[PDB]
Amino acid sequence: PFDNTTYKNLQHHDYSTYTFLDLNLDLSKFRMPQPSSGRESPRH
Amino acid sequence: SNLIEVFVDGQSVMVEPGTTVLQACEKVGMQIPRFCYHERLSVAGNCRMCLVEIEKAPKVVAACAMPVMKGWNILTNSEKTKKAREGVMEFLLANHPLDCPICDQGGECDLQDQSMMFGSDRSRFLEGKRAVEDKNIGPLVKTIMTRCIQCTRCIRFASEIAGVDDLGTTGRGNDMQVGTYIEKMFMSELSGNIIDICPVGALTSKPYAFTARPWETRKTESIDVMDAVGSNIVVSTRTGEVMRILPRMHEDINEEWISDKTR
Amino acid sequence: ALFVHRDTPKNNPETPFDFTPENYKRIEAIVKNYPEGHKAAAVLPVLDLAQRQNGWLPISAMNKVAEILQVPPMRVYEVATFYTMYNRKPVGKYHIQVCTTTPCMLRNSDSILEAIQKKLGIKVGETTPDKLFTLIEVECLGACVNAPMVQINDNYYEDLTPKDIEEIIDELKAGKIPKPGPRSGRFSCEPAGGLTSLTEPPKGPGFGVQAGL
Amino acid sequence: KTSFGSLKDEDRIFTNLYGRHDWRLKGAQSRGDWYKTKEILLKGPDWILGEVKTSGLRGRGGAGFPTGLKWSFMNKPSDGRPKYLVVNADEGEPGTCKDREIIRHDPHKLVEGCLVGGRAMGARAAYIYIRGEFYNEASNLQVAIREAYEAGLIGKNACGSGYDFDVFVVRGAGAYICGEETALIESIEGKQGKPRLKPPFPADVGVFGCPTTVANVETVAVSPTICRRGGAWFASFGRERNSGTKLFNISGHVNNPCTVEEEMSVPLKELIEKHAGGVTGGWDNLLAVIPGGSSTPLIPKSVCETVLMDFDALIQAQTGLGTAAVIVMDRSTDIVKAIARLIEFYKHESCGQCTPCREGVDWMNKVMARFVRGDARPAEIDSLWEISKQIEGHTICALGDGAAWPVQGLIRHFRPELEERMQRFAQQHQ
Ligand SMILES: NC(=O)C1=CN([C@@H]2O[C@H](COP(=O)(O)OP(=O)(O)OC[C@H]3O[C@@H](n4cnc5c(N)ncnc54)[C@H](O)[C@@H]3O)[C@@H](O)[C@H]2O)C=CC1
Ligand SMILES: Cc1cc2nc3c(=O)[nH]c(=O)nc-3n(C[C@H](O)[C@H](O)[C@H](O)COP(=O)(O)O)c2cc1C
Ligand code: SF4
Ligand code: SF4
Ligand code: SF4
Ligand code: FES
Ligand code: FES
Ligand SMILES: [K+]
């Protein structure tokens, strides 16, 4: 059934304060190992 | 050698790759005006006083930051170079306070001198100026932040040479203030050298404050004895009384700094 | 409005601040997004996290971000005073942000600003005495075709009239939650008198794909 | 082709612009996205660079630098440092609200664009610097990226091509200057959003010191459609060196302010009178149009009649194309008050770094605040012009240029209105 009348983006009515950061915490496992500069910080 | 040939006002000079426009003009004896560039600090590129015309290029370049490319003819005295210098000096003197008589930097100010040299001789600014809250960063450096031209030699010195990382810019825009953001006492062992490299009277010497004035001081080039480094100093005196102690440049000792004990 | 700090009894380095353990796991997930040796790149997210746990930023959240990321505290003070979202003063529970730049001012955002002012009894920059509403005036919020619009803490409220914004303030006072969308007839950004484009069905996978691919 | 406009729905890149279809993965794959992505990855970097150079795609951020030439700056072997794509998603420009629509309604198209763009430049990951005020848009995009990782489309072994590519989203914190590419890099690096000087360009020293291409949401998201449909398809629309489709944001004093995708060289009058429902009060009620968001100078009604909405025909109309954000201003507009509110925006959104913008944008806002009331004299007009000419090209980034240009457009087209403002101030106050 083709519909061009209803706004399908109703999910952002259900976003809380920590939604972005919990999505980041969920995506923390799918990611490649970060590159390293060879030192702990530019002050090390 | 891998030296490339550039031109300053037509005159050729051979430079190492990585040489800036400012250093290339230095090699033929011309000093491009500057406020934030310091040869012992990192390149900031944020006072825009070194804007200079490269010919066959319709834009002024930051001479402190732009490296020379092979074949550039640097026009240090052309029309749009001088228009850029006068415009930038006009913006520096927009919000700068009329404090030159009550200022310890009068007569030894970069802003006065290269306003006489490279800026206009009058104001188009018809508004009211800003006034910045002063800070208390110790018993040595008198702070009058209304005079600050926001050149960030504070920050580059306290980060790179002093190793303190406690001066920085808060705010944004015209409300951007150089300070510690808290009531913090900037007392390093090299904390008085920010009195030197500040081109304006925003950071002055609190012991030296109000006592002398640079043209009447005799300069005696002498040696530090407060430690065994042997820092070269200038004892500046006035009528048989020692007024203050400045550093001399010596590339192998103290490059152009002295400690707070010396100062 | 200042960009220096003075130690009040409610804002000092002896003000208690600590993250929750779920916030520490969120911070570790943030730090793992950046290369090793560039942990300072997590200054802006984690400090924003310190605004989401607390509502604002005392000078103990800035020092805690400076402590857990191994950065100097002035480098966090700079970020916390540079960016306009970091509340360095305790704002209300609903932080109303009215956009009054030129595309919203052309469509009469001042009517909605005055409607919020006379509705809540405060002016621009102040907080209602029940600590529920802070009204400030912000720049372009990126909802220009839905002008005029406000923002309440996360949520854009668009195509507004003074009646609509009085309704939104009434249901913020009522303890409910409003719907973050355009309060006119349209849905997101379309022409209000019907769809002038994208009326045909979308062509699906494989449409117009060039050969050799 | 001579005439332009009236773009069909089969030729749209941003289908589901309006949020009317499903933005998620089953909705995006059913509209053409993530189709034959493995072959686009496996045909190499130079093929994708040749497709983007063929398409004539210019930088949708607003400057219009050639996207193929821009992305080919990364086409060089590594030196130990990783390489990065960074997608600019701040969009703080007044008038401009299209990248919000791409992130919010076609998010997987932006993810596939990150994959294709980062493959073309050999990049390791993507950093989508989204604006922090677009919080629901950011969580929208993160749900999409979670769908893309769980479907094996990005990450380890992206689309089964043996190429590894992460997609990171970093929120902003409320600074318009962080949309500028080096200031965005500095904001990603956990510092103040202050622009770096160029050189070094980000292709040499970008984010974290790495080779980095910062590119807009629209110039990144159209790249899978260019790689699927072809370069000749995208070069078939618009004039020469003005190729493609473009999202337009017609706001202000129109009957129906809207975002609409349209062919590139469409006339401004046709665009406003077709998609926006015309100016409120008719076309004779038109006073001025800011054609591409606040950074471009306004043009009056005598210029808006025959002007084409691409780059070169707006350069010839002594303005810029910019972000193609059309702000329409009718005859009832206090136009000096609008330009002064705009210069007030430019002083509140100015990072304070170099001297001409930090001092002169506040000094221009004080002059414009006196020009609204008329509390001045006409010799200060040309003075103000020269102040703009002391900011234009004398700054680190182009926010000084983007603040000098509206003042120049207002003076150049409405000097008599300024003068009669000030002389009626002089007669009713002196
Ligand atoms: N989309 C938005 O929200 C906004 C857009 N703008 C637009 O942005 C433009 C000004 O922005 P800028 O990026 O400062 O201007 P533009 O001169 O510098 O640069 C555009 C791109 O071209 C690249 N580029 C140009 N010459 C290059 C070279 N020789 N080598 C390597 N890369 C080179 C730069 O890296 C950059 O990514 C204006 O057209 C303005 O309308 C301005 C404000 C907001
Ligand atoms: C002050 C200033 C703000 C900018 N803001 C944005 C922005 O918010 N979004 C954007 O895509 N480009 C912005 N740009 C343009 C960028 O510098 C850059 O050209 C663009 O982000 C990526 O290049 P592209 O045009 O090839 O896509 C801004 C430029 C300036 C000078
Ligand atoms: S710092 Fe220089 S220009 Fe400023 S008041 Fe002192 S002497 Fe005058
Ligand atoms: S106080 Fe002096 S050295 Fe420090 S930023 Fe200001 S002008 Fe520069
Ligand atoms: S011109 Fe303005 S926006 Fe750009 S680096 Fe300078 S202060 Fe920042
Ligand atoms: S000296 Fe080059 S900009 Fe300050
Ligand atoms: S002008 Fe108010 S949202 Fe852009
Ligand atoms: K000094």
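Indexing begins at 1, ligand by ligand and atom by atom, following the structure's order. Residue numbers start from 1 in every chain, and the chains themselves are labelled A, B, ... in the order their sequence lines are given, proteins ahead of strands. The figures that follow rest on heavy atoms only: side chains count, while hydrogens, waters and symmetry mates do not.
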Peer 1: Are the aromatic rings of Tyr127(D) and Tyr84(D) close, with centres under 6.0 Å apart?
Peer 2: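 Aromatic pair counts; centres sit under 6.0 Å.
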
Peer 1: Please state which part of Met145(B) comes within less than 4.0 Å of ligand 4, counting heavy atoms only: side chain, backbone, both or neither.
Peer 2: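 For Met145(B), the contact with ligand 4 is made by the side chain alone.
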
Peer 1: Heavy-atom count check: over 12 atoms from other residues, nucleotides or ligands less than 6.0 Å from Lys59(B) NZ?
Peer 2: no

Peer 1: As a check for students: among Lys70(D), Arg60(D), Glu181(D), identify the option with a heavy atom nearest to atom 23 (O) of ligand 2.
Peer 2: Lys70(D)

Peer 1: What part of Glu91(D), side chain from CB on, backbone N/CA/C/O, both or neither, has a heavy atom under 4.0 Å from ligand 2?
Peer 2: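 It is the backbone that gets close, since no side chain atom is under 4.0 Å.
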
Peer 1: Between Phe157(B) and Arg153(B), is there a cation-pi geometry (under 6.0 Å to ring centre, at most 45° from the normal)?
Peer 2: no

Peer 1: Could you list the donor-acceptor pairs under 3.5 angstrom formed by side chains in residues 393-403 of chain D, with sequence neighbours left out?
Peer 2:
from: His394(D); atom 1: ND1; to: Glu392(D); atom 2: O; distance (Å): 3.1
from: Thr395(D); atom 1: OG1; to: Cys397(D); atom 2: O; distance (Å): 2.6
from: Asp401(D); atom 1: OD1; to: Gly393(D); atom 2: N; distance (Å): 2.8

Peer 1: To check your reading of the model: name the closest protein heavy atom to atom 3 (C) of ligand 2, its residue, and the distance in Å.
Peer 2: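 It is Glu180(D) N, 3.5 Å.
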
Peer 1: Please list, in number order, the atoms of ligand 4 under 4.0 Å from a heavy atom of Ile149(B).
Peer 2: 7 (S)

Peer 1: Work out how many protein N, O or S atoms lie closer to atom 4 (Fe) of ligand 4 than 2.8 Å.
Peer 2: 1

Peer 1: Could you check whether the rings of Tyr346(D) and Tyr176(D) sit parallel, tilted or perpendicular, using 30° and 60° as the cut-offs?
Peer 2: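 The arrangement is perpendicular - the two ring planes meet at more than 60°.
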
Peer 1: With the threshold set at under 4.0 angstrom, would you say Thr67(D) reaches ligand 2 through any of its heavy atoms?
Peer 2: no

Peer 1: Is at least one protein non-hydrogen atom found at under 4.0 angstrom from atom 19 (O) of ligand 2?
Peer 2: no

Peer 1: Please determine whether any non-hydrogen atom of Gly92(D) lies less than 4.0 Å from an atom of ligand 2.
Peer 2: yes

